[PDB]
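Peer 1: Before anything else, here's the structure in question.
No lab work stands behind these numbers, since they all come straight from the coordinates. Cβ placement follows ideal geometry from the backbone for every residue including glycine, while neighbour counts extend to all protein chains displayed.
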Amino acid sequence: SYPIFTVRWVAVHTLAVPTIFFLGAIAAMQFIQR
Amino acid sequence: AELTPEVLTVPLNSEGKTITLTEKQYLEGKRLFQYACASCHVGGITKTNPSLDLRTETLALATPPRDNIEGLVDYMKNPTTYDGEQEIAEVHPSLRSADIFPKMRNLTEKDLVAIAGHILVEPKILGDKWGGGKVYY
Amino acid sequence: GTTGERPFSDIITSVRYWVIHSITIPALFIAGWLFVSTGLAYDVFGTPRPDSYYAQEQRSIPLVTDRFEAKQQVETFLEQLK
Amino acid sequence: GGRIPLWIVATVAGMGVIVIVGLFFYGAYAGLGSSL
Amino acid sequence: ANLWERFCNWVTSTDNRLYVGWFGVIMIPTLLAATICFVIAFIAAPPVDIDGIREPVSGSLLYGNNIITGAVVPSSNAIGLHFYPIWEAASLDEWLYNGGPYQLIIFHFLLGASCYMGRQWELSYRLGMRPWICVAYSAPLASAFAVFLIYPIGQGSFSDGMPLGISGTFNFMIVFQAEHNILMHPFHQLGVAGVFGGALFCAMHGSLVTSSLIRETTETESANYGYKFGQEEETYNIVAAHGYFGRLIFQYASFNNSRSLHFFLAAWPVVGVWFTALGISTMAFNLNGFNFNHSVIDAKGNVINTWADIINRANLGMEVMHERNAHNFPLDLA
Amino acid sequence: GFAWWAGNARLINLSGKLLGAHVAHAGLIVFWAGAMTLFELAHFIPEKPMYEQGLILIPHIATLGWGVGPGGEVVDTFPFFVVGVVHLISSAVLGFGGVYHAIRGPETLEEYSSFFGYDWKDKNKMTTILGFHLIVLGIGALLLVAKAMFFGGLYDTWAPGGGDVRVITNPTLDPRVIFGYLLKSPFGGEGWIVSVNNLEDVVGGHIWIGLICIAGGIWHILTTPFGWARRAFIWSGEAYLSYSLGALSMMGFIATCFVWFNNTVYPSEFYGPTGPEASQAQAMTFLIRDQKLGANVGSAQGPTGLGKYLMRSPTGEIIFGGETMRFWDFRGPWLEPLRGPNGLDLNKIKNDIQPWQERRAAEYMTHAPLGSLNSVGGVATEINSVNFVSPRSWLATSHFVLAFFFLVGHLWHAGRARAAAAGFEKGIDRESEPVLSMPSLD
Amino acid sequence: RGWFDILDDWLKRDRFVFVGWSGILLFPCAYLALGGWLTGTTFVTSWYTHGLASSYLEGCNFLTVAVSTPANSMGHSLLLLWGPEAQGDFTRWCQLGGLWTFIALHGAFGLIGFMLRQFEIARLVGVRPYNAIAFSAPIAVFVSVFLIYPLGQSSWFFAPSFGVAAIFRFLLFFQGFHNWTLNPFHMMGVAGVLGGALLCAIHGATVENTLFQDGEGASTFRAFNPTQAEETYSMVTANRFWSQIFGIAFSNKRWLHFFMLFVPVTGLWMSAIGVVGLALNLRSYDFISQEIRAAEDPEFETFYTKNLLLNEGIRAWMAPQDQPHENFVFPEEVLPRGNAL
Ligand code: CLA
Ligand code: CLA
Ligand code: CLA
Ligand code: CLA
Ligand code: HEC
Ligand SMILES: CC1=C(/C=C/C(C)=C/C=C/C(C)=C/C=C/C=C(C)/C=C/C=C(C)/C=C/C2=C(C)CCCC2(C)C)C(C)(C)CCC1
Ligand SMILES: CC1=C(/C=C/C(C)=C/C=C/C(C)=C/C=C/C=C(C)/C=C/C=C(C)/C=C/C2=C(C)CCCC2(C)C)C(C)(C)CCC1
Ligand SMILES: CC1=C(/C=C/C(C)=C/C=C/C(C)=C/C=C/C=C(C)/C=C/C=C(C)/C=C/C2=C(C)CCCC2(C)C)C(C)(C)CCC1
Ligand code: OEY
Ligand SMILES: [Cl-]
Ligand SMILES: [Cl-]
Ligand SMILES: [Fe+2]
């Protein structure tokens, strides 16, 4: 008796999903050479 | 832009022969310049005598001309004043004075070519900044 | 003290939670990485690669100087690299 | 709904942040923006 | 009934309109000496040769200053960190030319302010309070120590202490930025966070309590008269306030323990100012803000400027211009 | 009834577990001393000055005379290895005793043995433990003397001929010198104890301090506090903690100024030049340069009217000009050969400056203790290139921060100890509020 | 009981994150202002608008990344994605500074959204709306600095760029060009911000050291019940303490908490006004009496004259690289420099 998808659920993944994606992109950047 | 071979091509002697360094040598020269020389010669100036810089045009007018690999390699062994009149190994790091300047102790002949090459290449990349001082920072 | 959503502590200590997110979290991390390692991020956003700030014998900033020609001006600069 | 102990999740996620932050700090000394 | 015990009883009396106390026995005279010297010097002191170059700077009103430009000027660079009481000068004229008043004031004040902090402990003990208000006050006191004593110690001269004036204060900040890039130093960044955040939370706590005042007055009267000094029940509704702020953000991002809340209010700005005081004190030893000048270069090696390089251009213009007659050699090493 | 975040306060009346905490923590300190030296040694390169390499423990060992010869050149790195290994090994022994007493060993000691058990309010037992540690401390200062006089000596930056290790045969015993230092003002040109400038005074003061500490140990073992001492202090664990916090703070500020100004027990060969030193060396550098060109540096008037290279201090001494006028109290081995009775001798400057002095000045000028948090050397407007922050900046700033916070800890714990002892550290008794029983101020 | 009231029902449901009518405005704009800033600082250059690298992708760190202002040549263009400058090209839009207006404008409407939220929640919970009113101070600061200031100048270019070091550069620009520290409206703001921080610390300190003993633990936090009617610390003892330490003290709890609202809010409003003047170059740059004297009397020197020399240094050394569209070329000989340096 707990809904899974809620307004809360949307708020959270709206921030979490791009944050990890960005974190991966910023991680890759550390290995770029000039 | 990039570190093309034209950029990496510097004079070897007064006679006019040239030499093309590798990117490996250039980076080696920059690393050694920082280890042995930057504390006084950061950016191509001279903190302890600002009247003398490492601009290629300044080196060219030195006696022994120093705008070439040989001139620089010789200077790092037996440095002289700008006019060539007196040897200054006792107050300037060199292989001849590596007893008093202990950082010159472990520099090989190829290290000197790299250090020299970095000094000749860098004004080609940075222009006025090399030896210009804070005005161009 | 509660409005009905499942408690956070109850969720992230659950096994179903970590069965899904052990996949989604690294997959997102990998997707972001690839956006950079493929060079896609450069092309999407128009960010200069380390070799495309100046042309070889150039030390002038390619500065936009016109409001309505601004688009064509940047493309002019870009072709002066190609 | 409580299987994985919370402190386990806290420790592991904690070391996950430390890893990524230290990668970013390593990167200040290597590659782009390293002055070299 | 012994003369010394009666004196002790008066010094520590909780019935004095202003508490004296043993720390007060040192604070009252040192603060009066500092205050009196400051007023007179601000009004009538002659021009002081702060930088030791026989270039006297006019600080006082009667010598052509207004409230904004006036200052008691730091003592001469020729003196450095040497003690310069009055009785070490050949004359008051000499003492005035060399900036003697600045030393008299800052030493008496630092002492008196130090005893001010101890006096706060002392009365808290006589009144049966908890003792830690003086710990809050140690953040401004540490900050005053940094700009008047610590930074002078590290650089070797009171001539680089912060002037006792408004324009002098700005002179101090600009030069500190040219010489230490304080803006790029994390302890100043924490200090801004302590001081912005303290202003934020001051405003928040003020509007939340004011928002949940319990109706006790009519609209013709100030709502303030709904509180009587010493009443036992709270004058506002902390659950209504918590119910508003927990919804403005979300529930667990809001306090409903008043003791945690007010401790947070004390802790945030006190700690941020500790750091900013520590920033000044460690830049006194020239451990400077982050240097990112020329950190980004391209595949050839062209410098690719960032905002930090622009900052550096600004810093350079302050550098090459400060104390324009005072430097004979290329490096400004202190 | 303490919260987890004040959880070490649960150890206050558990003399057994509190012993484990102290001994285990002692293990951490010894461990860091061990690990750090080895880390420094593994990174050491002898052809570079120590201060170009972020070293703070190898210089402390070099100063004691180990590993170095004339001029501070490192001749043997084995003494460095030994100090780190033995420290490292010893930390396991302390670690062992520490986690034993904190987990397995008796929770409280006084039931087990009346010698090791203690009550904080036992003024006699407390002064006996103080006395034991005083004696240990006094022995500690005599080890420095022993090394100095019977085990190779110490590094002497002022030794003739560039500095050298030197056995100390005549430590200063004259109390007019030793305690004279305690009575110099801390202001410019005096510098209180920070001004100590020779190893004879350094060794001699430790004879004194060693004897005085041994004298005080037995004193506090044989006595109990007099009633004036009894009526003046709070007698509690937290109070004693607060007293030491004040002392550690005070000591931290002194260490700060020591490493910043003193070039004797912090030789500049190892630590780099001081701020005053480096600034003096710049003026020297351009004096040498300009006079080689023909400039008559004694008669050169600078823009302000003051001499460009040379001026007088306010008491008349010939000193370097420019902003370094503030630093004329600096004294260094590379500089003093130039000083005559009136300060810098113009005939020595014209005639007797040696290449080694030129070298030294150029070196110290370019290693001034200025640098960025990310270790970019030089003024804040300098470009990246030189990876350098002086050990003196590192050592001065760290210990100022620690000294400040321990002063805050002193205030915190001193006031709480007073409040607790009086019985209101937990708040005001509603039924018995002092102010409510006081007459109003007006 | 039609569609409007059914929506009203849903927007105002007690959920973990309250939505409300104001949410429709707030959440899209707040999320996209935030998203724009993280996007631009991760991936977008300032090469074509400024000649600066400004992203993690380019080698920058958290302190130097920025979403930079558009080129001076855009004037005050809205720089809409579909507008005449970028013409629907997202890549070109990024390179021309389109993310700056995107963030500034979506941020403006988010701040409206947020302040409407404070009104909305306050109305439903039944409290007075003073937290909303206090938020007027952040909004006045934002609009005067980010919008009104550049609109008075030649372009958005001279607004602050959204980044840590870029804001630092903004501070120093205002010192060298506007002599902003000399502005009495800034000084009032300083007094309000530092007065707020002081009030924040002194009030929290006082409450924590005038607590009533309401439990037995050495942790005094446990001994408070959010529903207790009684004050948790003594106002009478606190009034005595401060009267005797400082001379005066608060006696009215309501006044004291209003003052904490008043002080920092007023300060910010005052600083917003001076920035409006600086929009017009209406500076408090000089004191005319000082300059007349100084021009005639070369021995007259104050900290006022010393600071202007600094300002002149700042302007000459930073202008060429900070205003690149102006093609300032200052030969070495024209740069103002003191001796040796
Ligand atoms: C010899 C030193 C010493 C000793 C023995 C004590 C001992 C004690 N203190 Mg005091 N204290 C000290 C110094 C000391 N303190 C200093 C210098 C300060 C000022 C900063 C304080 C401020 C202080 C306060 C404010 C309080 C105490 C309290 C206490 C008691 C409980 C402490 C506890 O459980 O901590 C538990 C430990 C922690 C909560 C961890 C703290 C984490 C620190 C702050 C962060 C450090 C991180 C570091 C800077 C860098 C990290 C890098 C990263 C990679 C992690 C205990 C009796 C409490 C008390 O009064 O009890 C009676 C209390 O409320 N202390
Ligand atoms: C130098 C740091 C230090 C030290 C030595 C101690 C020591 C101690 N603490 Mg304190 N504490 C500290 C920091 C420290 N604390 C900090 C930072 C905090 C805040 C997070 C606390 C919070 C805290 C609380 C809340 C309490 C203590 C308590 C205790 C005591 C009993 C702990 C116990 O039974 O745990 C048992 C834990 C274990 C058995 C887990 C394993 C722990 C072992 C020792 C790890 C050792 C690792 C090491 C590599 C082993 C090498 C062995 C080898 C040499 C042979 C003990 C004397 C308790 C106390 O006072 O008891 C009355 C207590 O209630 N502490
Ligand atoms: C100052 C620190 C300290 C203190 C006060 C105590 C006190 C105590 N311990 Mg602990 N202990 C310590 C350190 C300490 N210990 C360390 C470091 C270890 C690990 C080696 C232990 C391991 C330990 C165990 C395993 C046990 C105790 C026990 C005891 C109790 C009785 C011990 C006895 O009869 O003495 C016996 C005394 C001696 C044999 C004489 C030793 C003299 C030493 C070697 C000279 C001084 C060393 C010197 C400073 C450093 C060495 C030089 C080095 C620098 C190169 C007592 C409460 C016992 C207990 O309570 O159990 C119920 C117990 O079983 N302790
Ligand atoms: C860590 C070291 C230490 C500690 C904590 C103590 C602690 C104590 N001692 Mg002991 N003592 C020690 C070392 C120590 N002693 C040593 C080594 C000796 C040998 C000389 C003595 C000789 C000694 C005697 C002869 C007596 C004590 C007494 C006492 C008690 C009262 C102390 C007091 O009133 O101080 C408060 C201090 C004062 C009121 C006077 C302050 C004057 C100082 C010097 C002024 C300094 C000013 C300035 C800020 C500091 C800069 C340095 C300056 C000197 C230049 C107390 C338990 C007394 C007692 O009850 O004995 C049982 C006592 O009669 N001690
Ligand atoms: C300070 C201790 C220095 C270090 C380290 C290095 N150099 Fe140097 N350099 C220094 C001075 C004071 C001078 C001028 C000396 C004189 O009287 O002529 C120089 C000069 C040079 C030159 C000649 C420049 C010219 O315009 O002719 C060169 C080529 C040079 N120095 C190179 C150099 C190298 C390669 C270094 C690293 C091994 C190095 N210097 C270190 C001061 C100092
Ligand atoms: C109680 C407690 C605690 C604490 C703890 C501690 C603090 C501990 C200590 C401990 C310690 C302090 C430890 C130590 C250890 C050590 C060791 C273990 C050692 C070893 C060593 C080695 C083995 C070495 C080797 C070598 C050699 C010999 C040579 C060279 C190389 C090498 C290095 C390899 C805590 C808080 C956590 C928790 C609670 C409780
Ligand atoms: C080693 C050495 C040396 C020596 C030294 C010495 C000799 C020292 C001594 C020292 C000492 C000898 C010190 C002392 C100190 C003291 C103190 C620091 C004090 C304190 C006090 C207090 C703290 C008090 C308080 C109080 C009061 C006031 C009132 C009542 C209450 C009370 C008690 C609280 C020398 C330098 C030569 C050299 C180098 C080395
Ligand atoms: C612009 C645009 C847009 C949008 C976008 C967006 C919305 C985005 C978002 C994005 C995002 C959303 C992002 C994120 C990011 C994140 C990140 C990148 C993070 C990071 C962080 C970190 C690094 C942290 C860490 C830490 C520290 C440092 C300390 C403490 C702890 C922690 C862990 C916290 C659109 C489409 C509409 C279109 C138009 C354009
Ligand atoms: O910053 Mn620049 O640095 Ca410290 O001194 Mn050298 O010049 Mn002058 O006396 Mn005040 O100021
Ligand atoms: Cl100035
Ligand atoms: Cl100078
Ligand atoms: Fe309040």
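Peer 1: Taking θ = phi - 60°, what integer Hz values does the Karplus form 6.51 cos²θ - 1.76 cosθ + 1.60 yield along the range B:78-85, in sequence order, with x for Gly and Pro?
Peer 2: Working through the residues one at a time gives 9, x, 10, 5, 4, 8, x, 7 Hz.
Peer 1: Which shape class, rounded, prolate or oblate, goes with chain G when its Cα gyration tensor gives a ≥ b ≥ c as root eigenvalues, a/c under 1.5 marks rounded, and past that a/b bigger than b/c marks prolate?
Peer 2: oblate
Peer 1: When averaged across all projection directions, what area in nm² does the alpha-carbon convex hull of the range C:8-80 cover?
Peer 2: Spelled out: convex hull of the Cα atoms, projected over all directions, averaged, 8.5 nm².
Peer 1: Now, a different point. Give me the base-10 log of I(q)/I(0) for the range E:237-334 at each q in 0.18, 0.22, 0.25 Å⁻¹, Debye formula, one uniform scatterer per Cα, rounded to two decimals.
Peer 2: Computed log10 I(q)/I(0) values: -0.98, -1.18, -1.25.
Peer 1: Under 15 Å from the Cβ of E:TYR19, count the other residues' Cβ atoms, weight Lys and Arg +1, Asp and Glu -1, and hand me the total.
Peer 2: +1
Peer 1: Could you derive backbone 3J(HN,Hα) for the range F:44-58 from the dihedral phi with the Karplus parameters 6.51, -1.76 and 1.60 (θ = phi - 60°), listing whole Hz in sequence and x where the residue is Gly or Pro?
Peer 2: Once rounded to whole Hz, the list reads 5, 9, x, 6, 9, x, 4, 6, 7, 9, x, 9, 10, 9, 4.
Peer 1: Binning at 10 Å from 0, report for the range F:154-260 what percent of all alpha-carbon pair distances ends up in each bin.
Peer 2: Reading the bins upward from 0: 11, 28, 35, 19, 6, 1.
Peer 1: Can I ask one more? Which shape class applies to the range F:19-114: rounded if a/c is under 1.5, otherwise prolate when a/b exceeds b/c and oblate if not, where a ≥ b ≥ c are the square roots of the Cα gyration tensor eigenvalues?
Peer 2: prolate
Peer 1: Here is a follow-up. For a quick check: with amide H placed at 1.01 Å from N, whose amide H comes under 5 Å from F:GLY105's, ignoring anything fewer than 5 positions away on the same chain?
Peer 2: none
Peer 1: What whole-number value in cubic angstrom gives the convex hull volume per residue for the C-alpha atoms of chain E?
Peer 2: Per-residue hull volume (Cα only) is 226 Å³.
Peer 1: Could you order the peptides F:134-145, E:155-166 from most to least packed, using the average number of other C-beta atoms within 10 Å per residue?
Peer 2: The packing order, highest mean first, is E:155-166, F:134-145.
Peer 1: Turning to a different aspect of this structure: Provide the per-residue ³J(HN,Hα) series for the range C:67-75, in order, calculated from phi with Karplus coefficients 6.51, -1.76, 1.60 and θ = phi - 60°, each as a whole number of Hz, with x at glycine and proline positions.
Peer 2: Once θ is set to phi - 60°, the couplings for the range C:67-75 become 6, 9, 8, 4, 4, 4, 5, 5, 5 Hz.
Peer 1: Also, quick follow-up: Could you rank the peptides F:417-427, F:114-124 by their average count of other C-beta atoms within 10 Å per residue, with the highest value first?
Peer 2: Top of the packing list down: F:417-427, F:114-124.
Peer 1: Now for a separate question. What order, most packed first, do the peptides E:194-203, F:100-109, G:313-322, A:8-17 have when packing is the mean number of other Cβ atoms within 10 Å of each residue?
Peer 2: The densest-packed peptide leads the list: E:194-203, G:313-322, F:100-109, A:8-17.
Peer 1: Quick one: the Cα spread of the range F:273-368 along its three principal axes, in angstroms, biggest first?
Peer 2: So the extents along the principal axes, rounded to whole Å, are 30, 27, 27.
Peer 1: Around F:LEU441, with a cut-off of 12 angstrom between Cβ atoms, what is the net charge of the other residues, counting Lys and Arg +1 and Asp and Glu -1?
Peer 2: 0
Peer 1: A follow-up question, please. In the range F:186-236, which chymotrypsin sites (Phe, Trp or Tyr not before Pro) fall in coil by DSSP and have 10 or fewer other Cβ atoms within 10 Å?
Peer 2: Working: sites: F:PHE187, F:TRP192, F:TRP208, F:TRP219, F:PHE226, F:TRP228, F:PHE233, F:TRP235; in loops: F:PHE187, F:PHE226, F:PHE233, F:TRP235.
Those that pass, being in a loop and sparsely packed, are F:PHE226.
Peer 1: Moving to a separate point now. Would you mind giving the mean number of other chain beta-carbons within 10 Å of the Cβ of each residue in G:182-194, as a whole number?
Peer 2: Counting other chains' Cβ atoms within 10 Å and averaging over G:182-194 gives 2.
Peer 1: Residues of E:7-17, mean number of Cβ from any other protein chain within 10 Å of their own Cβ, rounded to a whole number?
Peer 2: Average per residue, whole number: 2.
Peer 1: Which one, B:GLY16, B:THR80, B:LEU32, projects farthest toward the positive side of the charge dipole computed for chain B from Cβ point charges (K/R +1, D/E -1)?
Peer 2: With unit charges placed on the Cβ atoms, the residue in question is B:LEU32.
Peer 1: For the residue pair E:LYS228 and E:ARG6, what label-to-label distance in nm results when each label sits 7 Å from Cα along the Cα-to-beta-carbon direction?
Peer 2: The two pseudo-label positions are separated by 4.1 nm.
Peer 1: Could you list, bin by bin from short to long, the percent of Cα-Cα pairs of the range G:197-300 in 5 Å steps?
Peer 2: Histogram of Cα-Cα distances, whole percents per bin: 2, 9, 12, 13, 11, 10, 8, 7, 7, 7, 6, 3, 3, 2, 0.
Peer 1: Continuing with the same structure: Kindly point out, ordered by number, any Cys in the protein assembly as shown whose beta-carbon has no other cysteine beta-carbon under 4.7 Å away.
Peer 2: By the Cβ distance rule, which asks for a partner under 4.7 Å, the isolated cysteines are B:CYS37, B:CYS40, E:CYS8, E:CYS37, E:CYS115, E:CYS134, F:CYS213, F:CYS257, G:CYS29, G:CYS60, G:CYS94.
Peer 1: Toward the positive end of the charge dipole of the range F:124-269, about the Cα centre and with charges on Cβ (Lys, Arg +1; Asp, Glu -1), which of F:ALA141, F:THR256, F:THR224 goes farthest?
Peer 2: Result: F:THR224.
Peer 1: What does the net charge come to around F:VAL202 if you take all other residues with beta carbon closer than 13 Å to its beta carbon, with K and R at +1 and D and E at -1? Spell out each step's value before the answer.
Peer 2: On the way: positive: F:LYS147, F:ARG166; negative: F:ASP156, F:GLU200, F:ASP201.
Net charge in that neighbourhood comes out at -1.
Peer 1: Just check the protein assembly as shown against the gyration tensor rule for me: Cα atoms, a ≥ b ≥ c as the square roots of the eigenvalues, rounded for a/c under 1.5, and otherwise prolate or oblate depending on whether a/b exceeds b/c. The partial results should precede the final answer.
Peer 2: Numbers: a/c = 1.44, a/b = 1.09, b/c = 1.33.
It is rounded, given that a/c, with a ≥ b ≥ c, falls under 1.5.
Peer 1: Which whole number gives the average count of other chain Cβ atoms within 10 Å of the Cβ atoms across peptide E:234-247?
Peer 2: Partner Cβ neighbours, averaged per residue: 5.
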